[PDB]
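Undergrad: Below is the structure I would like to discuss, written out as structure tokens.
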There are 2 protein chains.
Amino acid sequence: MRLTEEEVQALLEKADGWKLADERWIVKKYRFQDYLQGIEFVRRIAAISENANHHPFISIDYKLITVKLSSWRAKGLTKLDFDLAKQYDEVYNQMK
Amino acid sequence: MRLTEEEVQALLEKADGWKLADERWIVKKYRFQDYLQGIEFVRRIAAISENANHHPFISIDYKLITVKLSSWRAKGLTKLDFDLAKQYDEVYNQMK
């Protein structure tokens with residue numbers, strides 16, 4: 001079930017660091033002090049994503065990891081995207 | 001030492017899968033049958049990159065891993081970029 005414009009705005013206001021982009025994606029940048037730690041973060045959130053059968057787009061620009069979420073089957077954002085966003089935030093906070 | 005246009009063209013002709021992009025970068029796309037295997041590939045080439053004190057840009061679009069190499073200090077491509085390209089190719093071939 002794709003979230004409406006109003007629902008997306010409401011969820012985004014409670015998701016610090018996540019930004020609406022390309023009209024239907026939420027994007028967050030996670031910075032690390034150690035390059036390999038950024039990689040470990042990627043390894044962990046990838047595992048979580050695979051188990052959720054929901055994969056984000058991830059880019060690794062040295063110590064800056066960019067994560068982009070959206071639901072292609074729903075043609076936009078779903079509650080799952082925001083749930084995963086929080087799960088990724090949790091991993092980041094534990095590592096930091 | 002930045003490679004000249006002629007040197008880059010010569011090295012690229014012997015680097016299957018690697019393409020010149022954005023004027024001074026070499027880019028390659030590595031496809032996997034398993035999402036987590038693509039992640040493992042990233043983990044391995046990141047380690048190699050960290051030891052070489054030379055980090056590529058990496059993106060993970062589901063099962064497609066894109067790797068982009070260049071030497072910012074040399075303001076272009078260096079022999080090291082092509083050496084790492086071969087090292088990454090080796091990892092990929094071993095995993096496949």
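Residues are named by chain letter and number: chains run A, B, ... in the order of the structure tokens, numbers start at 1 in each chain, and ligands are numbered from 1 in the order shown.
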Excluding same-chain residues fewer than 3 positions from residue 23 (chain B), what lies within 12 Å of it counting only C-alpha atoms, as a list in words?
TA: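 Residues meeting the cut-off are residues 5, 8, 9, 19, 20, 26, 27, 69, 70, 75, 76 and 77 of chain B.
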Undergrad: Kindly save the residues from that selection, with C-alpha atoms included, as a PDB file, in the first residue's frame.
TA:
ATOM      1  CA  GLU B   5      45.541   9.950 -22.925  1.00  0.00           C
ATOM      2  CA  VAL B   8      44.980   5.288 -20.683  1.00  0.00           C
ATOM      3  CA  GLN B   9      43.659   4.062 -24.033  1.00  0.00           C
ATOM      4  CA  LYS B  19      34.965   1.747 -19.384  1.00  0.00           C
ATOM      5  CA  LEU B  20      36.255   5.304 -19.447  1.00  0.00           C
ATOM      6  CA  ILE B  26      37.231   3.861 -15.219  1.00  0.00           C
ATOM      7  CA  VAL B  27      33.962   2.140 -14.403  1.00  0.00           C
ATOM      8  CA  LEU B  69      38.244   4.208  -9.936  1.00  0.00           C
ATOM      9  CA  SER B  70      40.387   7.322 -10.262  1.00  0.00           C
ATOM     10  CA  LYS B  75      43.902  14.434 -11.003  1.00  0.00           C
ATOM     11  CA  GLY B  76      43.164  11.470 -13.184  1.00  0.00           C
ATOM     12  CA  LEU B  77      43.987   7.846 -13.786  1.00  0.00           C
TER      13      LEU B  77
END
Undergrad: Residues of chain A were defined as contacting chain B if any atom lay at most 7 Å from it, counting only C-alpha atoms; please report them as an MDAnalysis selection string.
TA: chainID A and resid 39 43 55 57:62
Undergrad: I need the residues from that last selection saved to file as a short mmCIF file (atom, residue, chain, number, x, y, z; two decimals), in the first residue's frame (with N, CA and C atoms), if you can.
TA:
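Final output, out_4.cif:
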data_model
loop_
_atom_site.label_atom_id
_atom_site.label_comp_id
_atom_site.auth_asym_id
_atom_site.auth_seq_id
_atom_site.Cartn_x
_atom_site.Cartn_y
_atom_site.Cartn_z
N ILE A 39 31.74 0.13 5.64
CA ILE A 39 31.50 -1.11 4.91
C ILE A 39 30.75 -2.12 5.79
N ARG A 43 27.24 -4.01 5.24
CA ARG A 43 27.05 -5.45 5.37
C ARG A 43 25.83 -5.75 6.24
N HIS A 55 15.14 -4.27 -0.92
CA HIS A 55 16.49 -3.74 -1.05
C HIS A 55 16.62 -2.26 -1.39
N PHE A 57 18.96 1.28 -2.35
CA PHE A 57 20.08 1.57 -3.23
C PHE A 57 21.12 2.09 -2.24
N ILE A 58 22.37 1.64 -2.36
CA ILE A 58 23.43 2.07 -1.46
C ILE A 58 24.67 2.52 -2.23
N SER A 59 25.25 3.65 -1.84
CA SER A 59 26.48 4.09 -2.48
C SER A 59 27.51 4.35 -1.39
N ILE A 60 28.77 4.06 -1.71
CA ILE A 60 29.86 4.23 -0.77
C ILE A 60 30.89 5.17 -1.38
N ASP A 61 30.86 6.42 -0.93
CA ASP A 61 31.77 7.46 -1.39
C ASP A 61 32.73 7.65 -0.22
N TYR A 62 33.79 6.84 -0.22
CA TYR A 62 34.77 6.84 0.85
C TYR A 62 34.05 6.61 2.18
#
Undergrad: So that I can check the secondary structure, give me every residue of chain A assigned strand (DSSP E) by backbone DSSP, as a list in words.
TA: residues 19, 20, 21, 25, 26, 27, 28, 29, 30, 31, 57, 58, 59, 60, 61, 64, 65, 66, 67, 68 and 69 of chain A
Undergrad: If you run DSSP on the backbone here, which positions in region 13-44 of chain A get helix (DSSP H, G or I)? Please write them as a PyMOL selection string.
TA: chain A and resi 13+35-44
Undergrad: What are the coordinates of chain B as a short mmCIF file (atom, residue, chain, number, x, y, z; two decimals) with N, CA, C and O atoms, in the first residue's frame following a least-squares fit to chain A on all in-order C-alpha atoms?
TA:
data_model
loop_
_atom_site.label_atom_id
_atom_site.label_comp_id
_atom_site.auth_asym_id
_atom_site.auth_seq_id
_atom_site.Cartn_x
_atom_site.Cartn_y
_atom_site.Cartn_z
N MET B 1 0.85 -1.23 0.00
CA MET B 1 0.00 0.00 0.00
C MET B 1 0.87 1.26 0.00
O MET B 1 1.55 1.55 0.98
N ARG B 2 0.83 2.00 -1.10
CA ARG B 2 1.62 3.22 -1.21
C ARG B 2 1.07 4.31 -0.31
O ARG B 2 -0.13 4.55 -0.26
N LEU B 3 1.97 4.98 0.41
CA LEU B 3 1.58 6.07 1.31
C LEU B 3 1.20 7.31 0.51
O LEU B 3 1.79 7.60 -0.52
N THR B 4 0.22 8.05 1.01
CA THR B 4 -0.21 9.27 0.33
C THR B 4 0.77 10.39 0.64
O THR B 4 1.62 10.26 1.52
N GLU B 5 0.65 11.50 -0.09
CA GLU B 5 1.53 12.64 0.11
C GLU B 5 1.50 13.09 1.57
O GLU B 5 2.55 13.34 2.16
N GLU B 6 0.30 13.20 2.13
CA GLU B 6 0.15 13.61 3.52
C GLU B 6 0.80 12.62 4.50
O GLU B 6 1.44 13.02 5.48
N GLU B 7 0.64 11.32 4.24
CA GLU B 7 1.21 10.29 5.10
C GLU B 7 2.73 10.31 5.04
O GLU B 7 3.40 10.10 6.05
N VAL B 8 3.28 10.55 3.85
CA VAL B 8 4.73 10.61 3.68
C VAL B 8 5.31 11.78 4.46
O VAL B 8 6.32 11.64 5.16
N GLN B 9 4.67 12.95 4.34
CA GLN B 9 5.14 14.14 5.03
C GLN B 9 5.11 13.94 6.54
O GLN B 9 6.03 14.36 7.24
N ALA B 10 4.08 13.26 7.03
CA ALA B 10 3.95 13.01 8.46
C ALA B 10 5.06 12.08 8.97
O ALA B 10 5.65 12.32 10.03
N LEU B 11 5.35 11.03 8.22
CA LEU B 11 6.39 10.07 8.60
C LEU B 11 7.77 10.69 8.47
O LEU B 11 8.66 10.44 9.29
N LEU B 12 7.97 11.50 7.44
CA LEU B 12 9.27 12.13 7.26
C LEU B 12 9.60 13.11 8.38
O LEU B 12 10.76 13.24 8.76
N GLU B 13 8.60 13.79 8.92
CA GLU B 13 8.90 14.75 9.97
C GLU B 13 9.47 14.07 11.22
O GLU B 13 10.16 14.71 12.01
N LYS B 14 9.19 12.78 11.38
CA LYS B 14 9.67 12.03 12.53
C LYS B 14 10.89 11.18 12.20
O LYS B 14 11.35 10.39 13.03
N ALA B 15 11.42 11.33 10.99
CA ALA B 15 12.59 10.56 10.56
C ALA B 15 13.78 11.48 10.33
O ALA B 15 14.07 11.87 9.20
N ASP B 16 14.47 11.84 11.41
CA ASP B 16 15.62 12.72 11.29
C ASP B 16 16.69 12.15 10.37
O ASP B 16 17.00 10.95 10.43
N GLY B 17 17.23 13.01 9.51
CA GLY B 17 18.27 12.58 8.59
C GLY B 17 17.75 12.07 7.26
O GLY B 17 18.50 12.06 6.28
N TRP B 18 16.49 11.65 7.21
CA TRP B 18 15.92 11.14 5.97
C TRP B 18 15.27 12.26 5.19
O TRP B 18 14.51 13.06 5.74
N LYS B 19 15.58 12.33 3.90
CA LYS B 19 15.04 13.38 3.05
C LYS B 19 14.32 12.84 1.82
O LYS B 19 14.75 11.86 1.20
N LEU B 20 13.21 13.49 1.46
CA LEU B 20 12.47 13.08 0.28
C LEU B 20 13.32 13.47 -0.92
O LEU B 20 13.87 14.57 -0.98
N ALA B 21 13.43 12.56 -1.88
CA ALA B 21 14.20 12.84 -3.08
C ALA B 21 13.61 12.13 -4.28
O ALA B 21 12.92 11.12 -4.15
N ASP B 22 13.87 12.68 -5.46
CA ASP B 22 13.39 12.09 -6.70
C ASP B 22 11.90 11.74 -6.61
O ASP B 22 11.45 10.70 -7.11
N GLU B 23 11.16 12.62 -5.95
CA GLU B 23 9.71 12.51 -5.78
C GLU B 23 9.13 11.36 -4.97
O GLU B 23 8.09 11.52 -4.34
N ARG B 24 9.79 10.20 -4.98
CA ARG B 24 9.24 9.06 -4.25
C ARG B 24 10.25 8.19 -3.51
O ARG B 24 10.01 7.00 -3.29
N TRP B 25 11.37 8.78 -3.13
CA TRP B 25 12.40 8.06 -2.40
C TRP B 25 12.78 8.82 -1.14
O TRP B 25 12.63 10.04 -1.07
N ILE B 26 13.26 8.09 -0.13
CA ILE B 26 13.76 8.76 1.06
C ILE B 26 15.24 8.41 1.05
O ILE B 26 15.63 7.27 0.77
N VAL B 27 16.06 9.43 1.31
CA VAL B 27 17.50 9.28 1.28
C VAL B 27 18.19 9.78 2.54
O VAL B 27 17.84 10.83 3.08
N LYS B 28 19.19 9.04 2.99
CA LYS B 28 19.93 9.44 4.17
C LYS B 28 21.42 9.20 3.97
O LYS B 28 21.82 8.24 3.32
N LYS B 29 22.21 10.11 4.51
CA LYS B 29 23.66 10.01 4.43
C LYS B 29 24.20 9.66 5.81
O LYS B 29 23.90 10.34 6.80
N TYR B 30 24.97 8.59 5.87
CA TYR B 30 25.58 8.12 7.12
C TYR B 30 27.08 8.29 7.00
O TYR B 30 27.71 7.67 6.14
N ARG B 31 27.66 9.11 7.87
CA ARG B 31 29.10 9.34 7.84
C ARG B 31 29.83 8.53 8.89
O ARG B 31 29.37 8.39 10.03
N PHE B 32 30.99 8.02 8.51
CA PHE B 32 31.81 7.21 9.40
C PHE B 32 33.20 7.81 9.56
O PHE B 32 33.66 8.57 8.72
N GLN B 33 33.87 7.47 10.66
CA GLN B 33 35.21 7.96 10.93
C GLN B 33 36.21 6.97 10.34
O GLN B 33 37.36 7.32 10.07
N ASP B 34 35.75 5.74 10.13
CA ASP B 34 36.57 4.67 9.58
C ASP B 34 35.92 4.07 8.33
O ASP B 34 34.75 3.66 8.37
N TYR B 35 36.66 4.02 7.23
CA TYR B 35 36.15 3.49 5.97
C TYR B 35 35.58 2.08 6.09
O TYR B 35 34.49 1.80 5.60
N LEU B 36 36.32 1.17 6.73
CA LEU B 36 35.85 -0.20 6.86
C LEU B 36 34.64 -0.33 7.77
O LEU B 36 33.89 -1.30 7.67
N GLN B 37 34.43 0.65 8.65
CA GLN B 37 33.26 0.63 9.53
C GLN B 37 32.04 0.95 8.66
O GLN B 37 30.96 0.41 8.88
N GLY B 38 32.23 1.84 7.69
CA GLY B 38 31.14 2.17 6.79
C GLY B 38 30.74 0.92 6.02
O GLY B 38 29.56 0.68 5.77
N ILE B 39 31.74 0.13 5.64
CA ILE B 39 31.50 -1.11 4.91
C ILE B 39 30.75 -2.12 5.79
O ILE B 39 29.85 -2.81 5.32
N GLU B 40 31.12 -2.19 7.07
CA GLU B 40 30.48 -3.10 8.01
C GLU B 40 29.01 -2.71 8.16
O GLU B 40 28.14 -3.58 8.26
N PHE B 41 28.74 -1.41 8.15
CA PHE B 41 27.38 -0.89 8.25
C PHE B 41 26.61 -1.39 7.04
O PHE B 41 25.49 -1.89 7.16
N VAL B 42 27.21 -1.28 5.86
CA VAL B 42 26.58 -1.74 4.64
C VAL B 42 26.28 -3.24 4.73
O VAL B 42 25.20 -3.69 4.35
N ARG B 43 27.24 -4.01 5.24
CA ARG B 43 27.05 -5.45 5.37
C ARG B 43 25.83 -5.75 6.24
O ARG B 43 25.01 -6.60 5.91
N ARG B 44 25.72 -5.04 7.36
CA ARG B 44 24.62 -5.25 8.28
C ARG B 44 23.26 -4.84 7.75
O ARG B 44 22.29 -5.59 7.89
N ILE B 45 23.16 -3.66 7.13
CA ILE B 45 21.85 -3.26 6.63
C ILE B 45 21.44 -4.05 5.40
O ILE B 45 20.26 -4.18 5.11
N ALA B 46 22.42 -4.60 4.68
CA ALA B 46 22.12 -5.41 3.50
C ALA B 46 21.46 -6.70 3.97
O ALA B 46 20.49 -7.16 3.37
N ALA B 47 21.98 -7.28 5.05
CA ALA B 47 21.43 -8.51 5.59
C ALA B 47 19.99 -8.28 6.03
O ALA B 47 19.10 -9.09 5.75
N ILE B 48 19.75 -7.16 6.71
CA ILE B 48 18.42 -6.80 7.17
C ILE B 48 17.48 -6.64 5.97
O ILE B 48 16.33 -7.08 6.00
N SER B 49 17.99 -6.01 4.92
CA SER B 49 17.21 -5.78 3.71
C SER B 49 16.85 -7.08 3.01
O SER B 49 15.72 -7.26 2.54
N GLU B 50 17.81 -8.00 2.92
CA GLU B 50 17.58 -9.28 2.27
C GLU B 50 16.51 -10.08 3.00
O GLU B 50 15.66 -10.72 2.37
N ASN B 51 16.53 -10.04 4.33
CA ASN B 51 15.54 -10.77 5.12
C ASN B 51 14.16 -10.15 4.95
O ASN B 51 13.14 -10.84 5.06
N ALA B 52 14.12 -8.84 4.69
CA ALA B 52 12.86 -8.13 4.51
C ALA B 52 12.41 -8.17 3.05
O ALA B 52 11.35 -7.65 2.71
N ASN B 53 13.22 -8.80 2.20
CA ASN B 53 12.91 -8.90 0.77
C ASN B 53 12.60 -7.50 0.25
O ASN B 53 11.66 -7.30 -0.52
N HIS B 54 13.41 -6.54 0.68
CA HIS B 54 13.23 -5.14 0.30
C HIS B 54 14.62 -4.51 0.28
O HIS B 54 15.20 -4.22 1.33
N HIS B 55 15.14 -4.27 -0.92
CA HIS B 55 16.49 -3.74 -1.05
C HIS B 55 16.62 -2.26 -1.39
O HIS B 55 16.00 -1.77 -2.34
N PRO B 56 17.43 -1.52 -0.62
CA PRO B 56 17.65 -0.10 -0.85
C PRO B 56 18.78 0.07 -1.85
O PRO B 56 19.46 -0.90 -2.18
N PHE B 57 18.96 1.28 -2.35
CA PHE B 57 20.08 1.57 -3.23
C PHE B 57 21.12 2.09 -2.24
O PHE B 57 20.79 2.87 -1.35
N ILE B 58 22.37 1.64 -2.36
CA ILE B 58 23.43 2.07 -1.46
C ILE B 58 24.67 2.52 -2.23
O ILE B 58 25.08 1.86 -3.18
N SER B 59 25.25 3.65 -1.84
CA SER B 59 26.48 4.09 -2.48
C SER B 59 27.51 4.35 -1.39
O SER B 59 27.17 4.78 -0.28
N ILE B 60 28.77 4.06 -1.71
CA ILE B 60 29.86 4.23 -0.77
C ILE B 60 30.89 5.17 -1.38
O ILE B 60 31.66 4.78 -2.26
N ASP B 61 30.86 6.42 -0.93
CA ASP B 61 31.77 7.46 -1.39
C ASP B 61 32.73 7.65 -0.22
O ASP B 61 32.51 8.49 0.64
N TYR B 62 33.79 6.84 -0.22
CA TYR B 62 34.77 6.84 0.85
C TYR B 62 34.05 6.61 2.18
O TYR B 62 33.42 5.56 2.37
N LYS B 63 34.12 7.57 3.09
CA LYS B 63 33.48 7.43 4.40
C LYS B 63 32.02 7.87 4.48
O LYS B 63 31.44 7.93 5.56
N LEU B 64 31.43 8.18 3.33
CA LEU B 64 30.03 8.60 3.30
C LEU B 64 29.17 7.55 2.61
O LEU B 64 29.36 7.26 1.43
N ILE B 65 28.25 6.97 3.37
CA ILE B 65 27.35 5.95 2.85
C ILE B 65 25.99 6.59 2.61
O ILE B 65 25.41 7.17 3.53
N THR B 66 25.49 6.50 1.38
CA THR B 66 24.17 7.05 1.07
C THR B 66 23.21 5.89 0.87
O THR B 66 23.51 4.94 0.14
N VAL B 67 22.07 5.95 1.56
CA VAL B 67 21.06 4.89 1.47
C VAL B 67 19.76 5.49 0.94
O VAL B 67 19.29 6.51 1.46
N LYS B 68 19.19 4.86 -0.08
CA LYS B 68 17.95 5.34 -0.69
C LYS B 68 16.91 4.23 -0.68
O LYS B 68 17.15 3.13 -1.19
N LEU B 69 15.74 4.52 -0.11
CA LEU B 69 14.66 3.55 -0.01
C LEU B 69 13.40 3.96 -0.76
O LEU B 69 13.06 5.13 -0.84
N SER B 70 12.73 2.95 -1.30
CA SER B 70 11.46 3.12 -2.00
C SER B 70 10.93 1.72 -2.29
O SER B 70 11.68 0.73 -2.19
N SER B 71 9.65 1.62 -2.62
CA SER B 71 9.02 0.33 -2.91
C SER B 71 8.59 0.30 -4.37
O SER B 71 7.56 0.87 -4.74
N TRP B 72 9.38 -0.37 -5.21
CA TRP B 72 9.06 -0.41 -6.63
C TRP B 72 7.71 -1.05 -6.94
O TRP B 72 7.02 -0.61 -7.86
N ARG B 73 7.33 -2.07 -6.18
CA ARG B 73 6.05 -2.73 -6.41
C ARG B 73 4.86 -1.84 -6.08
O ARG B 73 3.79 -1.99 -6.67
N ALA B 74 5.04 -0.92 -5.14
CA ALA B 74 3.97 -0.01 -4.74
C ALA B 74 4.03 1.32 -5.48
O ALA B 74 3.15 2.17 -5.33
N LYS B 75 5.09 1.48 -6.27
CA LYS B 75 5.32 2.68 -7.06
C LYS B 75 5.46 3.94 -6.22
O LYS B 75 4.97 5.02 -6.55
N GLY B 76 6.14 3.74 -5.10
CA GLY B 76 6.38 4.83 -4.17
C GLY B 76 6.80 4.34 -2.80
O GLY B 76 7.27 3.21 -2.63
N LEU B 77 6.60 5.20 -1.81
CA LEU B 77 6.97 4.86 -0.45
C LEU B 77 5.87 4.09 0.27
O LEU B 77 4.68 4.34 0.07
N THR B 78 6.30 3.15 1.11
CA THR B 78 5.38 2.35 1.90
C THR B 78 5.84 2.43 3.35
O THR B 78 6.92 2.93 3.64
N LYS B 79 5.00 1.95 4.26
CA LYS B 79 5.35 1.96 5.66
C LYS B 79 6.66 1.20 5.88
O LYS B 79 7.48 1.59 6.71
N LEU B 80 6.86 0.12 5.12
CA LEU B 80 8.06 -0.69 5.24
C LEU B 80 9.32 0.13 5.01
O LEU B 80 10.34 -0.09 5.67
N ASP B 81 9.28 1.07 4.08
CA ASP B 81 10.44 1.92 3.83
C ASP B 81 10.82 2.68 5.09
O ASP B 81 11.99 2.75 5.45
N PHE B 82 9.83 3.26 5.75
CA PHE B 82 10.10 4.02 6.97
C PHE B 82 10.49 3.10 8.13
O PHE B 82 11.25 3.50 9.01
N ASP B 83 9.99 1.87 8.12
CA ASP B 83 10.35 0.93 9.17
C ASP B 83 11.82 0.54 9.00
O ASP B 83 12.57 0.48 9.98
N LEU B 84 12.22 0.29 7.76
CA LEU B 84 13.61 -0.07 7.48
C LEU B 84 14.53 1.10 7.78
O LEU B 84 15.65 0.92 8.26
N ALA B 85 14.05 2.31 7.50
CA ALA B 85 14.84 3.51 7.76
C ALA B 85 15.20 3.56 9.25
O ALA B 85 16.33 3.88 9.62
N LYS B 86 14.22 3.25 10.10
CA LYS B 86 14.46 3.25 11.54
C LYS B 86 15.41 2.12 11.92
O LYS B 86 16.26 2.29 12.80
N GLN B 87 15.27 0.97 11.27
CA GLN B 87 16.14 -0.17 11.55
C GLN B 87 17.57 0.17 11.18
O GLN B 87 18.51 -0.19 11.90
N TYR B 88 17.76 0.85 10.05
CA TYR B 88 19.11 1.22 9.65
C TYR B 88 19.65 2.25 10.65
O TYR B 88 20.83 2.21 11.00
N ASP B 89 18.80 3.17 11.09
CA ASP B 89 19.22 4.19 12.05
C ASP B 89 19.72 3.51 13.31
O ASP B 89 20.71 3.93 13.90
N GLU B 90 19.02 2.46 13.73
CA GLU B 90 19.38 1.72 14.94
C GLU B 90 20.76 1.09 14.81
O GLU B 90 21.56 1.15 15.75
N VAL B 91 21.04 0.49 13.65
CA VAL B 91 22.34 -0.13 13.42
C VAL B 91 23.42 0.95 13.54
O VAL B 91 24.43 0.76 14.22
N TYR B 92 23.20 2.08 12.88
CA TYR B 92 24.14 3.18 12.90
C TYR B 92 24.40 3.68 14.31
O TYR B 92 25.55 3.93 14.69
N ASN B 93 23.34 3.83 15.09
CA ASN B 93 23.48 4.32 16.46
C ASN B 93 24.22 3.34 17.36
O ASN B 93 24.97 3.75 18.25
N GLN B 94 24.03 2.04 17.13
CA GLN B 94 24.71 1.03 17.92
C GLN B 94 26.20 1.04 17.61
O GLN B 94 27.04 0.95 18.51
N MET B 95 26.54 1.17 16.33
CA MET B 95 27.93 1.19 15.90
C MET B 95 28.65 2.45 16.38
O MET B 95 29.81 2.39 16.79
N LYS B 96 27.96 3.58 16.35
CA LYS B 96 28.55 4.84 16.78
C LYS B 96 28.74 4.85 18.29
O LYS B 96 28.17 3.96 18.96
#
